[PDB]
Every structure is written in structure tokens, then in C-alpha cells.
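Residue numbers (the authors' numbering), protein chains in the order written: chain f, 48 to 65, 81 to 212; chain 8, 95 to 196; chain x, 193 to 256; chain 6, 27 to 218; chain e, 42 to 101, 112 to 279; chain m, 34 to 84; chain P, 61 to 180.
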Amino acid sequence: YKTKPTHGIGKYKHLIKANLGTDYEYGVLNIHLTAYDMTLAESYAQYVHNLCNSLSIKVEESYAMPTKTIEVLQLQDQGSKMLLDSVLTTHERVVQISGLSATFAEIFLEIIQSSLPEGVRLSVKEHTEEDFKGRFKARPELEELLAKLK
Amino acid sequence: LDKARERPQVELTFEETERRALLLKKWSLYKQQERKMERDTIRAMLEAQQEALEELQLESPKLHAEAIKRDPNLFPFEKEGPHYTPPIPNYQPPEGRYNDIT
Amino acid sequence: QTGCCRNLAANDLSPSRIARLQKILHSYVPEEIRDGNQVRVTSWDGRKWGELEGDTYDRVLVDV
Amino acid sequence: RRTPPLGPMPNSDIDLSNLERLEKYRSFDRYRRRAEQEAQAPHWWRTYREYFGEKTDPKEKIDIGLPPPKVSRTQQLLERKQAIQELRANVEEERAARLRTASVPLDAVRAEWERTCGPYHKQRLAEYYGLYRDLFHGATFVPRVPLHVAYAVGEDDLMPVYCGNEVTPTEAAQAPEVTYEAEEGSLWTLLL
Amino acid sequence: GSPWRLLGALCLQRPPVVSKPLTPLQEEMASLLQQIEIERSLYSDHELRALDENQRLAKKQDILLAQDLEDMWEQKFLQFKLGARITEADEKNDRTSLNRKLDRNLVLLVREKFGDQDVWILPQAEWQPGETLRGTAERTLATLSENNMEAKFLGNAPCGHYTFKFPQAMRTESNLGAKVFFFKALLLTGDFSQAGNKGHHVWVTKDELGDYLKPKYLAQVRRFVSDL
Amino acid sequence: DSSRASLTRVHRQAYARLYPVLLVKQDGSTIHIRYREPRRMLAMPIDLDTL
Amino acid sequence: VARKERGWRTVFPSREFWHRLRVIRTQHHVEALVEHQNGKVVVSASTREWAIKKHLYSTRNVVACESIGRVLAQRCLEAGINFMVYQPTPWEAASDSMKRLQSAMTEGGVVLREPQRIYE
RNA sequence: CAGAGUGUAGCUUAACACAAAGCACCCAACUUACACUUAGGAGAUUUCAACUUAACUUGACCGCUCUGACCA
């Protein structure tokens with residue numbers, strides 16, 4: 048009861064959660095992992111995802127990019143017609159992180175590049191300006207947002 | 095989806111199963127030390143970095159605020175993985191053509 | 193029926209019309225597709241969708 | 027009208043500032059273990075234990091049993107660690123443990139259990155039946171010397187009595203067999 | 042002012058060019074991963090090719116067979132020669148060339164003369180007013196003798212600090228000591244010229260870094276230098 | 034260390050066999066990747082268009 | 061004929077029992093508790109005691125869980141406890157170690173279901 | 001270099017004795033990945049003594065930290 052000293056003991060929503083990058087922290091980073099081997103690209107992203115959690119770094123999203131198929135054509139022996147030799151598939155994995163301090167950036171960048179396996183490309187770009195963060199919303203999430211406007 | 099690509103599953107001998115089983119238990123301890131070294135490596139970098147900043151603040155408070163700011167020129171950062179063999183100083187690749195399929 | 197939509201947001205202001213939509217989907221579309229968040233049926237003003245969800249959807253069908 | 031609480035709030039220690047950078051439970055089992063711990067703690071508000079828990083006196087129940095035996099922890103621990111290493115040295119035990127085919131001998135475990143922590147478990151088990159509550163009005167004692175009582179049923183079968191086991195009066199028509207480990211020259215007193 | 046001099050040090054490191062050789066335990070696990078992979082994978086297009094030909098040949112228009120095609124690939128591999136993972140510089144123990152120890156990270160050391168004595172330290176430059184502390188570390192590259200290299204600086208905060216005092220000879224109220232701040236960077240491309248190599252600079256790992264650094268100076272450098 | 038997460042396997046329920054192969058680049062460098070055929074080495078040729 | 065503490069339909073676990081088999085498995089040790097509805101513990105069997113630890117290669121494997129049940133089931137008969145309830149989570153029920161612990165109790169003479177209370 | 005201080009594997013005011021505990025960590029399966037769960041793995045009292053229980057107390061020994069000396 049409100050008048051009782053034990054009022055508010057059952058309150059729980061204040062313990063439940065309902081981007082801009084400052085001059086001290088990086089806002090949004092997209093870690094692109096390009097490699098022709100699908101197992102190596104998936105594994106390194108898995109290691110980075112585990113590494114970020116261990117260092118108390120929030121991972122916004124872990125997804126993959128569409129595969130880019132590149133045919134390799136080589137000149138025929140004593141001729142002028144290009145013949146098919148091999149087909150290479152380009153696989154890319156993206157790990158998005160947010161909440162990285164400027165000072166800790168040097169340590170984080172050194173750890174990932176040291177652990178980068180052979181044949182895997184590391185590419186981190188500031189894509190906070192791109193935005194386009196269109197994600198499908200659930201009903202309980204959407205209901206609360208409308209109540210704010212109402 | 096065709097089942098004609100399926101291969102016969104040859105039965106595994108007890109020695110092979112024993113060898114695999116004992117190999118996985120030793121591999122779990124091997125990976126535990128790599129994380130332990132990596133965990134201490136990060137702490138060693140982090141502890142020295144924080145302590146160096148403390149000394150800089152007393153020496154010069156204005157230089158302390160300049161180092162702790164972000165570096166927009168740092169990103170984007172590109173880095174390639176190592177190779178298996180060093181590049182050949184004198185190598186002429188054969189001629190060819192690339193076609194991309196999307 | 194196309195099967196090209198992983199997530200759907202079906203909103204009609206009138207709940208009575210919405211109730212008819214649920215029965216039609218239930219009778220025709222098997223429950224497995226509607227089991228998840230793939231089909232989201234809500235009853236709110238369409239004017240809200242211009243602010244609540246900006247740039248979320250690639251294909252929007254508007255039958256005012 | 028609001029009254030200030032008589033004590034600390036259950037979730038007052040949690041800081042709401044950096045709510046996003048706080049480790050969550052992420053599982054049902056983790057919350058349940060934390061929930062049980064706080065359910066066993068006293069609170070200034072009305073609780074289930076207040077009305078249904080068995081009331082106990084603030085005075086600690088006195089002990090009228092024999093003094094505990096003197097055991098050197100350092101020497102006792104040294105032998106146990108060596109025995110474990112020898113047990114783990116054998117590859118057959120690991121294979122039996124990995125193939126889930128190993129098992130323990132119940133008789134050997136109980137013989138060691140009866141000497142190490144058997145008296146303590148029996149004392150707790152005796153309290154459940156309210157023997158200390160009735161016989162000694164709450165006073166407790168550790169049964170340091172195990173007692174072996176068994177009734178002779180027929181000419182080859184025996185019905186042991188450990189702690190509260192079901193015994194029919196037909197099996198208890200005659201005096202049972204009473205045995206226990208004791209030193210020479212000591213005097214004892216049996217009671218039923 | 043203050044009686045402690047500000048010197049902007051630089052920690053140039055060369056990332057490994059080749060992958061580190063696998064340990065004996067890793068070799069067993071890596072071969073195990075391949076063996077598990079085969080037993081849980083279906084027939085490939087080439088493995089089905091061999092089966093079809095064998096059945097047809099057993100009963101009896113494919114010119115090139117599955118087994119014959121594999122032989123051609125093997126012969127071509129033998130004609131191609133792989134690059135040397137162990138370079139001549141490792142054999143010669145020439146710690147001035149970047150070609151040595153491609154598997155491990157390398158740390159640049161330069162020998163400078165202080166008090167009529169040569170001491171190996173990281174490149175450093177005294178801080179100047181109207182300049183960031185990191186900018187002084189970037190100026191160290193320009194002061195290098197005949198260097199054409201591009202370095203990627205990571206962050207702005209210093210990676211370490213080392214403190215020392217004059218041995219009661221140059222100790223003064225105006226000049227009592229100094230504090231060097233270590234800035235780490237990655238060697239993208241380039242190397243020094245051929246004018247002076249041996250007496251100018253060396254490239255050593257963390258394990259062999261103690262030969263040149265002082266016991267007090269070595270302790271502060273091993274903290275921000277990893278050996279993964 | 035590049036071997037932090039390099040030793041892995043195909044995490045697929047259904048897939049074709051893959052072999053460890055060498056990919057020679059335009060500078061002579063080589064890397065280990067997986068190819069459908071047991072070709073021990075592959076060399077990427079220099080494109081004529083990019084001149 | 062003793063009344064069971066019925067209710068608690070909105071919380072887990074339930075309270076409609078006399079004795080409850082509660083299994084606590086930690087990172088290193090596995091403990092099985094048989095306790096009355098009032099909270100008092102009847103009998104216990106854990107891998108922490110030297111009696112069982114000296115016969116177990118690992119105290120955290122399936123063998124340890126099955127071994128605890130075999131030792132506990134023997135002690136339950138000695139204590140006179142023949143019926144008790146087991147209230148696991150859906151994932152614990154599907155676990156292989158808990159299935160063998162249940163088998164050990166049943167093979168030990170203990171029934172994992174309590175008889176219904178007589179009201180009339 | 002002494003000067004004080006300090007001491008259970010990462011953490012803990014876990015350790016009455018029945019016992020060196022709990023948590024965190026590591027591998028694999030499941031997951032795009034994380035997480036959950038299941039199935040597994042690695043562990044610690046600085047060392048010796050003191051009438052003995054002594055991880056606990058007293059010094060000794062020993063391992064770290066800290067202020068000056070030493071210092072380019």
C-alpha cells in the first residue's frame with residue numbers, strides 16, 4: 048500500500064531499459095572481415111564478438127554481407143581466347159560495435175590485428191553518418207513509443 | 095538435396111575414438127592459457143596507459159586533455175592478414191581477366 | 193502468397209476490419225508463418241507510421 | 027500520505043545511471059539462485075517465514091555430546107590430494123568416466139561416511155523427528171560413537187535399524203543384537 | 042616551466058608478414074578438424090565424377116578422367132616454388148633488415164649517445180610549445196636519417212612512461228629530470244636507406260629486447276609491447 | 034597471434050568436401066584457403082584492363 | 061492425511077509436497093538435498109565429502125550425478141523416506157545426468173511421486 | 001639499496017568442521033554470431049617451525065607493493 052513503508056517494493060520497470083559520438087568516444091564502428099574462406103571469416107567474427115563482450119564493449123549487430131562471386135579467366139596457351147580457370151567466392155562478415163573509448167582504441171586495434179589470421183582482411187570504417195538503421199519493431203516496443211506521443 | 099552425394103560412414107575404431115577424445119581435453123587447456131596471456135596482455139597495456147595519463151595530468155593539465163580526445167583521422171582503418179610466403183621481389187604474374195557475378 | 197516478405201506490418205485503424213484480417217490469415221496462411229514476428233497485425237493510425245518507423249521498410253503499400 | 031521505509035529497499039543498491047553497462051542475469055537459473063538467497067534473509071516487512079516458519083529461540087541449543095576428535099587438517103588434506111592424483115593417473119578410470127560406465131561401491135562409501143560425517147547427518151536427521159525436542163527438550167548431542175542395532179528375524183536374516191526405518195513388532199519380538207566400537211575398561215549404558 | 046623535460050618517444054612496430062607455425066598440439070587438432078570435416082560432408086562434384094567413371098569402366112565418352120586430372124594439378128604445384136618462410140637475414144642474424152622474423156613482431160631500436168656513452172632507446176624528440184605530445188612523436192620519423200616510411204598512429208594517448216634522473220652531475224634546479232611518453236605506430240610500408248644500417252638502427256623482438264635496453268628501461272617497454 | 038582463431042572447420046550440416054589450397058597473388062604472396070578441387074596451388078593472374 | 065501446502069500457482073517451484081528432492085550442481089561439486097516442506101533438510105549427499113570424493117575421478121561429470129543418486133537412495137531408505145517429489149526445469153529434465161539420478165533413486169527403492177492426500 | 005606495508009587459482013569478511021567453497025574463466029555441441037542449456041576441462045593457501053586446531057596466531061623464511069637511495 049502507498050501509505051505503508053513497504054510501498055514500491057514491487058516496482059520493476061525502472062530496472063528495465065525503455081547514436082551520437084562524443085569527442086572522447088567513437089560512436090559507431092563497422093568491422094568488415096573480408097576473406098575468400100567462409101570458415102575463416104565466420105571464425106574471426108566469432109572471436110571478435112567474444113572479445114568485445116569480455117572487454118565490456120557493446121556489440122550492436124553481427125551479420126554478413128552478400129557473397130560476391132568472381133570468375134578467374136586466364137589466357138590459353140599460345141592463343142588469344144580467355145578460358146575459365148577457377149571461381150573465387152568473396153565472403154564478408156561485419157561486427158558492429160559501439161561505446162569504444164579513444165584511449166582504449168589503440169589497445170583494441172592492436173589486439174585484433176595481431177589476432178588476424180592469414181587470408182582475412184580487416185576493415186573498420188566510421189559508418190555512423192550512414193544511419194539507415196531500419197529494424198522491424200515488436201508490438202510491446204512499439205506500444206510504449208506511441209504512448210509517449212499520446 | 096539428392097542423397098546420391100552421401101558417402102558411407104566408416105566405423106571408427108576404439109583407438110581412433112580414444113585418440114580424438116584425449117586430444118579435445120588437452121586442446122581445452124591449451125586455449126585457456128592463450129586467453130590468460132591475452133587477458134594479462136590487455137591489462138598490461140591498460141594499466142600502463144592509465145598510469146602514464148596520470149603522470150601527464152600533473153606535468154601538464156592541458157596536454158592531458160588533448161591526448162584523451164578522439165582521433166577522427168584514425169578511422170577508417172584498413173589492415174590485411176599475413177601471407178604464407180613473403181612476396182617475390184622478381185615475379186611476373188601471368189595475364190588474365192576477372193569477371194564478377196552478383 | 194508471394195513469400196518475399198520476411199517481416200510484415202499490417203495496420204488498419206478500425207479494429208473490426210482488423211479482426212476480419214486475422215481470421216482470413218488464420219484460415220488461409222498456416223500458423224507457422226504467423227507464429228513469429230513475421231506478420232505483425234496492429235490497429236493504429238497510419239499517420240503515426242511516418243514518425244515511429246522512419247526508413248524501416250523497403251516496400252510500402254498504401255491503400256488509403 | 028507517504029511513510030518512509032523502515033529499512034533499505036530491496037533494489038536500492040542498483041545504480042540506474044549506467045543501466046546499459048550493467049551485467050544482466052541473461053538466464054532463468056541465475057535469477058533463481060539469487061532469488062533463493064534473499065528469501066532466506068530476514069526482512070523488516072512481513073514474510074512467509076514469519077507466519078509459517080518454525081519459531082526458534084534466540085538461545086543456541088546446548089551440546090551434551092562427546093568432544094570432537096582432534097584431526098590435523100594439513101596432514102589429512104595432503105593424503106587426499108595425493109590419492110586423487112593417483113586415481114586420475116590411471117587412464118582406465120578416465121575412460122570409464124568418459125564412457126559413463128564407472129560406478130562407486132556403496133558399502134565402502136558408507137563405512138567412510140559413518141566415521142567422517144555420519145554423526146553430523148544423523149544429528150540433523152534426529153532433529154527432524156524431534157528426538158532432541160522431546161528426549162532432551164531441544165538439547166542436542168553429536169552421536170560420536172555409531173551404534174549398530176539389528177534384529178534377528180529367523181536364523182539367517184537381520185533387520186538393521188539405522189535412523190527411523192520401518193520395523194514391525196514381529197521383527198522386534200525379541201532383544202536385538204547390539205554392537206559398537208568401544209575400548210576395554212569403559213562402561214556403557216543402553217536405553218530404548 | 043618545470044624541471045622535468047618532455048620528450049616525445051615513438052614505438053614503431055612491424056606487424057608479422059607470415060603466419061606463426063602451428064604447435065604440435067595444434068597440428069593434431071587441425072588434422073582432427075579436417076578428418077571430422079570429411080566424415081560429415083557429402084561427395085563433391087569431383088568425388089562423384091570418380092565413382093561414375095569407375096562404374097562405367099567396370100562395365101566397359113569422357114576424355115579426361117577424375118584420377119588423371121588430379122595428377123596434372125600435382126605436377127604444376129611441384130614446378131612452383133614457395134617463398135622462404137625463413138629468410139637469409141635470419142641465417143645471417145642481420146637485425147637491421149625487415150625481412151627477418153616475418154612470423155614475429157619487430158621493435159625498432161636506435162642507438163644514441165648520452166654522456167659520452169651509447170645507449171639503445173626508442174626514437175624520441177623533445178616536446179615543443181604549440182604542438183601536441185603525439186605530434187612530437189610524429190616528428191621523430193622526420194628526424195630519422197634517410198627514412199622513407201609511412202606509419203599509422205593509433206590514438207592520441209601515450210602508451211607508457213619512463214622516468215629517470217641525472218646522476219648528480221647534470222642535476223640542477225632548472226633541469227632535474229625528464230619524462231618520456233611512448234607512442235606506438237604500425238609500419239605500413241618502406242624501410243631505411245642503404246647509407247647506414249648496422250650502427251644506425253636494429254629491429255628486435257620482445258624476447259631479445261633486453262640485450263639493448265637497460266633493466267629499468269626494459270621493464271617499462273615490455274608492458275605495452277605484446278608477444279602474441 | 035594469427036592462430037588465435039584460424040584453426041577451424043566447416044560449420045555446416047550439408048556441404049561438399051574442401052581442400053587446403055594456396056592462393057598466389059599478383060605479388061607472389063600465398064595464403065591458405067579452401068577450394069572445391071584438390072588443386073594444391075592457385076595463381077591469380079594480372080588483369081589486362083587495369084593498365 | 062497430512063495437508064500439503066497447496067497454492068503458489070503463479071510461481072515456481074510448487075509447494076504441494078511433503079519431501080522434495082532438490083539437486084544443486086555447482087561448477088565443481090554436485091549436491092542432492094532431500095528436504096521437508098517446512099525447509100528442514102532430511103538427508104544430504106554431496107561430492108564435497110571425502111566419503112564419495114575418493115571414489116570419483118571427477119565430481120562434475122555424469123558419473124558423479126549418478127553416484128550421488130545411488131548413495132542418496134540408500135540413505136533415503138535408512139532415513140525411512142520412500143516418497144519424494146522432483147521439480148526440475150525443462151532443460152534440467154532433458155539433461156542426461158538428471159535422468160540417471162532419477163533412475164538411481166527408483167532403482168534404490170525411492171518413488172519420485174508422492175501419494176495423493178486423503179481428504180475423506 | 002634499505003625503509004615501512006602486504007600474502008588462499010581472477011574475485012570474495014568462503015572456510016564452525018563433516019570440508020580447502022561459491023562465483024568468474026576455458027573447450028565442444030546448438031546459434032550468422034552472442035546468449036541460454038547440455039556435455040567436458042584447468043585450477044590456489046610463499047616456505048619452514050612454535051605446547052596443537054593453526055589458510056587464521058607469533059616470529060623466521062619467502063613472494064609483491066610503496067617512499068627515498070641508485071639513476072642518462
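All C-beta atoms, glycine included, are put in the ideal place defined by N, C-alpha and C.
query = Which residue comes first and which comes last in the alpha helix (DSSP H) that contains residue 272 (chain e)?
reply = Looking at the DSSP string, the run of the alpha helix (DSSP H) that includes residue 272 (chain e) is 266-275.
query = Where do the N-terminal and C-terminal ends of the alpha helix (DSSP H) with residue 124 (chain 8) fall, by residue?
reply = Secondary structure note for residue 124 (chain 8): its alpha helix (DSSP H) is the uninterrupted segment 108-153.
ask   = Using the beta-carbon count (16 or more within 10 Å), is residue 143 (chain 8) buried or exposed?
value = Around the CB of residue 143 (chain 8), 16 or more other CB atoms lie within 10 Å, so the residue is classed as buried.
key: Status (buried if at least 16 other CB within 10 Å, exposed otherwise) for residue 219 (chain 6)   = Lying before the first or after the last residue shown, residue 219 (chain 6) is absent from chain 6, which here runs from 27 to 218.
request  = Report all residues from its chain with a CB closer than 6 Å to the CB of residue 187 (chain f); omit the five preceding and five following residues, and keep chain order.
outcome  = Closer than 6 Å at the Cβ level, and outside the excluded window around residue 187 (chain f), lie 92.
request  = Spell out a yes or no on whether the region 96-113 of chain f and the region 163-183 of chain f are touching, meaning 3 or more CB-CB pairs, one atom from each, closer than 8 Å.
outcome  = The region 96-113 of chain f makes contact with the region 163-183 of chain f: 3 or more CB pairs, one atom from each, lie closer than 8 Å.
query = How is residue 194 (chain 8) classed by DSSP in three states: helix, strand or coil?
reply = In the structure shown, residue 194 (chain 8) adopts extended strand secondary structure according to DSSP, grouped into three states.
message = List, in chain order, every chain m residue whose beta-carbon is nearer than 8 Å to that of residue 101 (chain f).
response = Among the residues of chain m, those whose CB is under 8 Å from the CB of residue 101 (chain f) are 41, 42, 43, 44 and 67, following chain order.
request  = Starting from the Cα of residue 112 (chain P), find the closest Cα among 211 (chain 6), 164 (chain 6), 168 (chain 6) and 137 (chain 6) and give me that residue.
outcome  = Measuring from the Cα of residue 112 (chain P), the nearest candidate turns out to be 137 (chain 6).
request  = Flag this pair as yes or no: are the beta carbons of residue 201 (chain P) and residue 206 (chain 6) separated by less than 8 Å?
outcome  = What is shown of chain P runs 61 to 180, which leaves residue 201 (chain P) out entirely.
ask   = Under a three-way DSSP split, which group does residue 184 (chain f) fall into?
value = Residue 184 (chain f) falls in the strand class under three-state DSSP.
task = Can you tell me the Cβ-Cβ gap for residue 192 (chain 6) and residue 140 (chain P), rounded? I've got them flagged as a contact below 8 Å.
result = Going by Cβ atoms, the distance from residue 192 (chain 6) to residue 140 (chain P) rounds to 6 Å, so yes, they are a contact pair.
message = Using only CA atoms, which one of 193 (chain x), 239 (chain x), 225 (chain x) and 211 (chain x) lies nearest to residue 212 (chain f)?
response = The candidate whose alpha carbon is nearest that of residue 212 (chain f) is 239 (chain x).
inquiry  = Please classify residue 179 (chain e) as buried or exposed, where buried requires at least 16 other C-beta atoms within 10 Å of its C-beta.
reply    = Looking at its Cβ environment, which holds fewer than 16 other Cβ atoms inside 10 Å, residue 179 (chain e) is exposed.
task = Residues of the region 114-139 of chain 6 with a CB closer than 8 Å to any CB of chain 8: list them in chain order, please.
result = Flagged, chain order: 121 and 124.
ask   = Residues in the region 78-92 of chain e with C-beta within 9 Å of chain m's C-beta atoms, listed in sequence order?
value = Flagged, chain order: 78, 79, 81, 82, 83, 84, 85, 86, 87 and 88.
query = Around the C-beta of residue 67 (chain f), are 16 or more other C-beta atoms found within 10 angstroms, so that it is buried, or is it exposed?
reply = In the structure shown, chain f runs from 65 directly to 81, leaving residue 67 (chain f) without coordinates.
ask   = What does residue 76 (chain m) pair with, by DSSP beta-bridge criteria?
value = Beta-bridge pairing links residue 76 (chain m) to 57 (chain m).
ask   = From which residue to which residue does the alpha helix (DSSP H) around residue 145 (chain 6) run?
value = Where residue 145 (chain 6) is concerned, the enclosing alpha helix (DSSP H) stretches over 144-154.
C-beta neighbour in chain e for residue 127 (chain 8), strict 8 Å = Chain e, which has no Cβ nearer than 8 Å to the Cβ of residue 127 (chain 8), makes this no.
query = Going straight from the alpha carbon of residue 210 (chain e) to that of residue 138 (chain 8), what length do you get?
reply = A straight-line Cα-Cα distance of about 10 Å links residue 210 (chain e) and residue 138 (chain 8).
query = Taking only beta-carbon atoms, is residue 109 (chain f) less than 8 Å away from chain m?
reply = It does; some Cβ of chain m falls within 8 Å.
key: Where the beta strand (DSSP E) through residue 79 (chain P) begins and ends   = Per DSSP, residue 79 (chain P) belongs to the beta strand (DSSP E) from 79-85.
Residues that residue 138 (chain P) contacts on chain 6, provided the C-beta gap is smaller than 7 Å = The CB of residue 138 (chain P) comes closer than 7 Å to the CB of 188, 189 and 191 in chain 6, given here in chain order.
key: Three-state secondary structure (DSSP) of residue 89 (chain 6)   = Shown here, residue 89 (chain 6) sits in a strand according to DSSP, grouped into three states.
inquiry  = With a threshold of 8 Å between beta carbons, is residue 189 (chain 8) in contact with chain e?
reply    = Taking CB atoms only, residue 189 (chain 8) has no neighbour in chain e less than 8 Å away.
Residues that residue 121 (chain e) contacts on chain 8, provided the C-beta gap is smaller than 7 Å = Going along chain 8, no residue has its Cβ under 7 Å from residue 121 (chain e), so there is no contact; the nearest lies around 18 Å.
ask   = When the cut-off is 8 Å and only beta carbons count, does residue 96 (chain P) lie next to chain 6?
value = For residue 96 (chain P), a Cβ of chain 6 is located within less than 8 Å of the residue's own Cβ.
query = Does the beta-carbon distance from residue 142 (chain 6) to residue 109 (chain P) come in below 8 Å?
reply = Going by C-beta atoms, residue 142 (chain 6) is nearer than 8 Å to residue 109 (chain P).
inquiry  = In whole angstroms, give me the CA-to-CA distance for residue 165 (chain f) and residue 233 (chain x).
reply    = Computed Cα separation, rounded: 47 Å.
query = Would a check of beta-carbon distances place residue 38 (chain 8) closer than 8 Å to chain m?
reply = The shown model of chain 8, from 95 to 196, leaves out residue 38 (chain 8), and the question about it has no answer.
request  = Could you tell me if residue 142 (chain e) is buried or exposed, where buried requires 16 or more neighbouring beta carbons within 10 angstroms of its beta carbon?
outcome  = Residue 142 (chain e) sits exposed, since fewer than 16 C-beta atoms from the chains shown fall within 10 Å of its C-beta.
message = Determine whether the beta carbon atoms of residue 145 (chain 6) and residue 169 (chain 6) lie at a separation below 8 Å.
response = Residue 145 (chain 6) places its beta carbon less than 8 Å from that of residue 169 (chain 6).
6 Å CB neighbourhood of residue 188 (chain e) in its chain, flanking five on each side removed = Result list for residue 188 (chain e): 49, 51 and 234, in chain order.
query = Which of the residues in the region 110-124 of chain 8, read from start to end, lie with their CB under 7 Å from any CB of chain e?
reply = Contacts with chain e (Cβ-Cβ distance below 7 Å) from the region 110-124 of chain 8 involve 114, 117, 120, 121 and 124, listed in chain order.
message = By the DSSP assignment, the alpha helix (DSSP H) with residue 100 (chain e) in it spans what residues?
response = Going by DSSP, residue 100 (chain e) is part of the alpha helix (DSSP H) stretching over 86-100.
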